[PDB]
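First, one chain by itself: the form deposited in one PDB entry, in C-alpha coordinates.
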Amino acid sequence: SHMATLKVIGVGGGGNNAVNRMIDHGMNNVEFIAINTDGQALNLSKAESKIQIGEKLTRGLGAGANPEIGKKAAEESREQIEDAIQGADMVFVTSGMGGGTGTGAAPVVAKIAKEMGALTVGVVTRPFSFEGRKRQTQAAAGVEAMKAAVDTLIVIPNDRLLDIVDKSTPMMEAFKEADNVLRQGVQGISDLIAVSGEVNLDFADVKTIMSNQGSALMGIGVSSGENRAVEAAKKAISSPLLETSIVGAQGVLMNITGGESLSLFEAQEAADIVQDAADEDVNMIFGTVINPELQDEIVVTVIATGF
(Lines give C-alpha, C1' and ligand atoms only; values in the text may rest on other atoms or scores of the structure.)
Protein backbone atom coordinates (compact mmCIF):
# COMPACT_ATOMS: atom_id res chain seq x y z
CA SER A 1 0.00 0.00 0.00
CA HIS A 2 2.68 2.52 1.05
CA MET A 3 5.86 3.08 -0.99
CA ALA A 4 8.31 5.49 0.59
CA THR A 5 9.76 8.33 -1.50
CA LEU A 6 13.53 8.49 -0.85
CA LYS A 7 15.69 11.44 -2.01
CA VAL A 8 19.46 11.78 -1.75
CA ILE A 9 20.70 15.40 -1.76
CA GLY A 10 24.33 16.44 -2.25
CA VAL A 11 25.20 19.88 -0.98
CA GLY A 12 28.43 21.45 -2.13
CA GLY A 13 31.41 19.99 -3.88
CA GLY A 14 31.99 16.83 -1.89
CA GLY A 15 28.29 16.10 -1.60
CA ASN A 16 27.76 16.47 -5.32
CA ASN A 17 30.80 14.27 -6.00
CA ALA A 18 29.18 11.57 -3.86
CA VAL A 19 25.91 11.92 -5.72
CA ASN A 20 27.62 11.66 -9.09
CA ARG A 21 29.54 8.53 -8.03
CA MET A 22 26.37 6.95 -6.60
CA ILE A 23 24.51 7.68 -9.83
CA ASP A 24 27.32 6.10 -11.83
CA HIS A 25 27.18 3.08 -9.54
CA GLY A 26 23.50 2.68 -10.43
CA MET A 27 20.72 3.13 -7.91
CA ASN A 28 17.02 2.89 -8.74
CA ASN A 29 13.90 4.24 -6.99
CA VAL A 30 15.95 7.05 -5.41
CA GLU A 31 15.68 10.65 -6.58
CA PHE A 32 18.97 12.54 -6.59
CA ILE A 33 19.21 16.29 -6.10
CA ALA A 34 22.40 18.31 -6.57
CA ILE A 35 22.66 21.63 -4.70
CA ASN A 36 25.62 23.96 -5.13
CA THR A 37 26.69 27.57 -5.32
CA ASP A 38 29.32 26.56 -7.91
CA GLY A 39 27.72 26.53 -11.33
CA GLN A 40 30.74 24.94 -12.99
CA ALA A 41 30.45 21.84 -10.83
CA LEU A 42 26.66 21.81 -11.13
CA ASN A 43 26.80 21.79 -14.92
CA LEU A 44 28.69 18.50 -14.63
CA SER A 45 26.34 16.90 -12.10
CA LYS A 46 24.57 13.73 -13.25
CA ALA A 47 21.56 14.38 -11.03
CA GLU A 48 18.14 14.83 -12.59
CA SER A 49 17.41 17.78 -10.28
CA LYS A 50 19.97 20.59 -9.98
CA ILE A 51 19.55 23.65 -7.77
CA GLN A 52 22.03 26.51 -8.09
CA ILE A 53 21.85 28.46 -4.83
CA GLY A 54 23.10 31.94 -4.04
CA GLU A 55 23.75 33.15 -7.58
CA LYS A 56 23.19 36.79 -6.58
CA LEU A 57 25.63 36.26 -3.69
CA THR A 58 28.48 34.37 -5.35
CA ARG A 59 27.89 35.37 -8.99
CA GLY A 60 27.91 31.64 -9.78
CA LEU A 61 31.12 30.75 -7.93
CA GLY A 62 31.51 28.58 -4.87
CA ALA A 63 31.47 30.05 -1.41
CA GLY A 64 35.23 30.56 -1.18
CA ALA A 65 35.41 28.56 2.07
CA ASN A 66 32.99 30.85 3.89
CA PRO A 67 30.17 28.98 5.68
CA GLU A 68 28.14 32.11 6.09
CA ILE A 69 27.89 32.42 2.35
CA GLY A 70 26.72 28.80 2.02
CA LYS A 71 24.04 29.38 4.67
CA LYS A 72 22.79 32.68 3.19
CA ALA A 73 22.78 31.04 -0.24
CA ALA A 74 20.52 28.26 0.99
CA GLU A 75 18.17 30.56 2.87
CA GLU A 76 17.71 32.72 -0.21
CA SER A 77 16.85 29.68 -2.39
CA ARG A 78 14.58 28.17 0.28
CA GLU A 79 11.53 27.98 -2.02
CA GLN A 80 13.57 26.23 -4.71
CA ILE A 81 14.87 23.72 -2.16
CA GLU A 82 11.35 23.11 -0.85
CA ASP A 83 10.04 22.48 -4.37
CA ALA A 84 12.80 19.92 -4.93
CA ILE A 85 12.13 18.08 -1.68
CA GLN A 86 8.35 18.14 -1.86
CA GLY A 87 6.92 14.65 -1.69
CA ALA A 88 9.89 13.08 0.08
CA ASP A 89 9.22 10.63 2.87
CA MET A 90 12.96 10.29 3.64
CA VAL A 91 15.86 12.60 2.73
CA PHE A 92 19.55 11.83 2.93
CA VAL A 93 21.70 14.96 2.91
CA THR A 94 25.36 14.36 2.17
CA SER A 95 28.06 16.97 2.30
CA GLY A 96 31.71 17.50 3.14
CA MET A 97 32.01 19.84 6.09
CA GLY A 98 34.70 22.49 6.38
CA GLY A 99 34.20 24.39 3.17
CA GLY A 100 31.68 27.13 2.65
CA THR A 101 28.76 25.71 0.74
CA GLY A 102 28.29 22.36 2.51
CA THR A 103 29.13 23.64 5.99
CA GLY A 104 26.64 26.48 5.78
CA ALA A 105 24.00 25.23 3.34
CA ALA A 106 23.70 21.53 4.28
CA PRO A 107 22.13 22.22 7.71
CA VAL A 108 19.61 24.59 6.05
CA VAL A 109 18.68 21.93 3.50
CA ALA A 110 18.34 19.39 6.33
CA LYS A 111 16.16 21.76 8.34
CA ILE A 112 13.84 22.36 5.39
CA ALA A 113 13.47 18.62 4.84
CA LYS A 114 12.66 17.93 8.49
CA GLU A 115 10.22 20.87 8.54
CA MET A 116 8.35 19.34 5.60
CA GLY A 117 7.86 16.13 7.62
CA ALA A 118 10.57 14.01 6.00
CA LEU A 119 12.73 11.58 7.95
CA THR A 120 16.07 13.33 7.50
CA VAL A 121 19.47 11.61 7.67
CA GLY A 122 22.77 13.43 7.30
CA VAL A 123 25.94 11.70 6.15
CA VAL A 124 28.80 14.17 6.27
CA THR A 125 32.59 14.07 6.27
CA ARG A 126 35.07 15.98 8.46
CA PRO A 127 38.20 17.31 6.78
CA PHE A 128 41.62 15.66 6.80
CA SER A 129 44.01 16.89 9.53
CA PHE A 130 46.35 18.06 6.76
CA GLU A 131 43.73 20.64 5.71
CA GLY A 132 44.48 22.55 8.92
CA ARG A 133 42.89 23.59 12.18
CA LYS A 134 40.60 26.31 10.78
CA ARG A 135 39.02 23.91 8.31
CA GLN A 136 38.46 21.45 11.17
CA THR A 137 36.93 24.14 13.38
CA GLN A 138 34.57 25.28 10.64
CA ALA A 139 33.66 21.66 10.01
CA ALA A 140 32.93 21.11 13.67
CA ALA A 141 30.41 23.97 13.67
CA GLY A 142 28.80 22.51 10.54
CA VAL A 143 28.53 19.09 12.22
CA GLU A 144 26.90 20.70 15.23
CA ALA A 145 24.43 22.55 13.02
CA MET A 146 23.71 19.33 11.14
CA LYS A 147 23.00 17.48 14.37
CA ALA A 148 20.50 20.18 15.30
CA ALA A 149 18.74 19.90 11.91
CA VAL A 150 18.51 16.17 11.14
CA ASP A 151 16.76 13.19 12.68
CA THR A 152 20.00 11.14 12.56
CA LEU A 153 23.57 11.96 11.62
CA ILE A 154 26.46 9.82 10.40
CA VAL A 155 29.91 11.47 10.46
CA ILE A 156 32.85 10.16 8.44
CA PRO A 157 36.19 11.71 9.50
CA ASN A 158 38.27 11.84 6.38
CA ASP A 159 41.35 10.97 8.47
CA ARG A 160 39.92 7.44 8.76
CA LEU A 161 40.53 6.98 5.04
CA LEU A 162 44.25 7.04 5.86
CA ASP A 163 43.64 3.87 7.87
CA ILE A 164 42.35 1.87 4.87
CA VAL A 165 44.74 2.94 2.12
CA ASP A 166 48.27 1.89 1.36
CA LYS A 167 50.79 4.43 0.13
CA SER A 168 49.61 4.00 -3.51
CA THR A 169 45.82 3.79 -3.20
CA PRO A 170 44.31 6.35 -5.58
CA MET A 171 42.46 9.14 -3.84
CA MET A 172 39.38 8.48 -5.93
CA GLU A 173 39.33 4.87 -4.73
CA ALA A 174 39.56 5.99 -1.10
CA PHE A 175 36.69 8.39 -1.76
CA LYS A 176 34.57 5.50 -3.14
CA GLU A 177 35.06 3.63 0.15
CA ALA A 178 33.52 6.51 2.07
CA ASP A 179 30.75 6.79 -0.57
CA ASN A 180 29.76 3.25 0.41
CA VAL A 181 28.51 4.27 3.84
CA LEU A 182 25.73 6.38 2.32
CA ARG A 183 25.12 4.20 -0.72
CA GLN A 184 24.70 0.97 1.27
CA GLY A 185 22.61 2.63 3.96
CA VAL A 186 20.25 3.95 1.28
CA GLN A 187 20.11 0.63 -0.54
CA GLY A 188 19.45 -1.19 2.72
CA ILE A 189 16.41 0.97 3.42
CA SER A 190 15.17 0.79 -0.14
CA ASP A 191 15.44 -3.00 0.03
CA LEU A 192 13.72 -3.20 3.38
CA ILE A 193 10.80 -1.14 2.00
CA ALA A 194 10.47 -3.04 -1.27
CA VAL A 195 10.49 -6.70 -0.14
CA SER A 196 7.99 -8.34 2.16
CA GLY A 197 9.79 -10.21 4.94
CA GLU A 198 8.73 -13.40 6.70
CA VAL A 199 9.21 -11.23 9.74
CA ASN A 200 8.41 -7.99 8.02
CA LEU A 201 9.89 -4.59 8.76
CA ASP A 202 8.79 -1.45 6.93
CA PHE A 203 9.22 2.31 6.73
CA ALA A 204 7.36 2.83 10.04
CA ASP A 205 10.06 0.78 11.81
CA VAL A 206 12.74 2.87 10.12
CA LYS A 207 11.01 6.02 11.36
CA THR A 208 10.79 4.58 14.88
CA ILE A 209 14.50 3.74 15.03
CA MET A 210 15.72 6.96 13.36
CA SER A 211 13.32 9.82 14.21
CA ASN A 212 14.85 12.53 16.43
CA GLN A 213 17.73 10.30 17.58
CA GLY A 214 21.07 12.08 16.90
CA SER A 215 24.05 9.88 16.07
CA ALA A 216 23.56 6.70 14.06
CA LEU A 217 25.28 3.77 12.44
CA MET A 218 24.06 2.22 9.20
CA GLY A 219 25.81 -0.95 8.10
CA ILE A 220 25.48 -3.99 5.92
CA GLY A 221 27.40 -7.28 5.99
CA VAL A 222 27.47 -10.28 3.65
CA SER A 223 29.01 -13.66 4.39
CA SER A 224 28.86 -17.29 3.33
CA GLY A 225 29.87 -20.68 4.59
CA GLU A 226 30.47 -21.59 8.19
CA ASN A 227 29.85 -18.96 10.83
CA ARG A 228 28.31 -16.79 8.08
CA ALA A 229 25.74 -15.23 10.43
CA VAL A 230 28.33 -14.07 12.97
CA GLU A 231 30.68 -12.91 10.22
CA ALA A 232 28.00 -10.95 8.38
CA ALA A 233 26.81 -9.29 11.61
CA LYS A 234 30.37 -8.37 12.51
CA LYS A 235 30.84 -6.80 9.10
CA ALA A 236 27.60 -4.86 9.42
CA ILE A 237 28.68 -3.08 12.62
CA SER A 238 32.40 -2.73 12.16
CA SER A 239 33.42 0.11 9.90
CA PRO A 240 36.85 1.73 10.27
CA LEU A 241 35.40 4.90 8.77
CA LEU A 242 32.86 5.89 11.40
CA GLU A 243 32.97 8.45 14.16
CA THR A 244 30.01 6.73 15.81
CA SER A 245 30.74 3.04 16.32
CA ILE A 246 28.18 0.49 17.52
CA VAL A 247 29.37 0.83 21.12
CA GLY A 248 26.63 2.48 23.15
CA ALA A 249 23.71 1.78 20.84
CA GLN A 250 20.42 1.33 22.62
CA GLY A 251 18.11 0.96 19.60
CA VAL A 252 18.84 -1.32 16.65
CA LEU A 253 16.87 -2.27 13.56
CA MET A 254 18.38 -5.52 12.31
CA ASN A 255 17.23 -7.32 9.20
CA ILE A 256 18.65 -10.70 8.15
CA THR A 257 18.18 -11.88 4.55
CA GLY A 258 18.99 -15.48 3.62
CA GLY A 259 17.93 -18.46 1.58
CA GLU A 260 15.72 -21.25 2.82
CA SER A 261 18.60 -22.62 4.93
CA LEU A 262 18.48 -19.59 7.24
CA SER A 263 18.43 -21.09 10.71
CA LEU A 264 16.81 -19.79 13.85
CA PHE A 265 20.03 -20.46 15.72
CA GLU A 266 22.07 -18.32 13.39
CA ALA A 267 19.58 -15.48 13.59
CA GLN A 268 20.06 -15.50 17.37
CA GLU A 269 23.84 -15.65 16.94
CA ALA A 270 23.67 -12.60 14.70
CA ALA A 271 21.42 -10.65 17.09
CA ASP A 272 23.76 -11.53 19.99
CA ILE A 273 26.82 -10.19 18.10
CA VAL A 274 25.12 -6.82 17.76
CA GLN A 275 23.84 -6.69 21.34
CA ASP A 276 27.16 -7.78 22.80
CA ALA A 277 29.11 -5.22 20.77
CA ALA A 278 26.70 -2.43 21.70
CA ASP A 279 27.48 -3.32 25.32
CA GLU A 280 24.00 -2.04 26.21
CA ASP A 281 20.50 -3.42 26.62
CA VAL A 282 19.46 -2.86 23.02
CA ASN A 283 15.82 -2.32 22.04
CA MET A 284 15.88 -4.46 18.91
CA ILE A 285 13.54 -4.35 15.94
CA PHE A 286 14.25 -7.67 14.26
CA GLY A 287 13.34 -8.71 10.72
CA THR A 288 13.93 -11.67 8.44
CA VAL A 289 13.64 -12.04 4.67
CA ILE A 290 13.81 -15.38 2.87
CA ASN A 291 15.22 -14.90 -0.66
CA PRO A 292 15.41 -18.37 -2.24
CA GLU A 293 17.59 -17.04 -5.07
CA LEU A 294 20.22 -16.94 -2.34
CA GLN A 295 21.93 -20.23 -1.64
CA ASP A 296 24.66 -19.98 0.98
CA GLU A 297 24.85 -16.16 1.32
CA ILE A 298 23.42 -14.27 4.30
CA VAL A 299 23.05 -10.50 4.48
CA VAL A 300 22.76 -8.60 7.78
CA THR A 301 21.52 -4.98 7.72
CA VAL A 302 21.88 -2.83 10.88
CA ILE A 303 20.61 0.66 11.72
CA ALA A 304 21.71 1.68 15.21
CA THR A 305 20.71 4.72 17.26
CA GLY A 306 20.02 5.78 20.84
CA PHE A 307 23.54 6.82 21.80
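In this text, rigid core is short for the largest set of C-alphas that superpose within 1.5 Å between two forms. Just count from 1 along the sequence shown to find any residue number.
Just so you know, the form deposited in another entry exists too; it's not on screen, but the next bit is about it.
From 210, 229, 154, 84, residue displaced between this form and the one not shown - CA threshold 2 Å or more, rigid core: Meeting the 2 Å or more criterion is only 229.
Residue 19: with the rigid core matched between this form and the one not shown, does its Cα shift 2 Å or more? Shift of 2 Å or more: no.
Yes/no, residue 277 Cα shift of 2 Å or more between this form and the one not shown with rigid core fixed: Superposed on the core, residue 277 moves its C-alpha 2 Å or more between this form and the one not shown.
With both forms fitted on the core, check whether the Cα of residue 115 differs by 2 Å or more between this form and the one not shown. No: residue 115 shifts by under 2 Å between this form and the one not shown.
Distance trend in that other deposited form - C-alpha atoms of residue 301 and residue 202, change of 3 Å or more: It is farther: in that other deposited form, the C-alpha atoms of residue 202 and residue 301 lie at least 3 Å more apart than they do here.
Sense of the change in Cα distance from residue 243 to residue 108 in that other deposited form - at least 3 Å versus the shown form: Compared with this form, residue 243 and residue 108 lie farther apart in that other deposited form.
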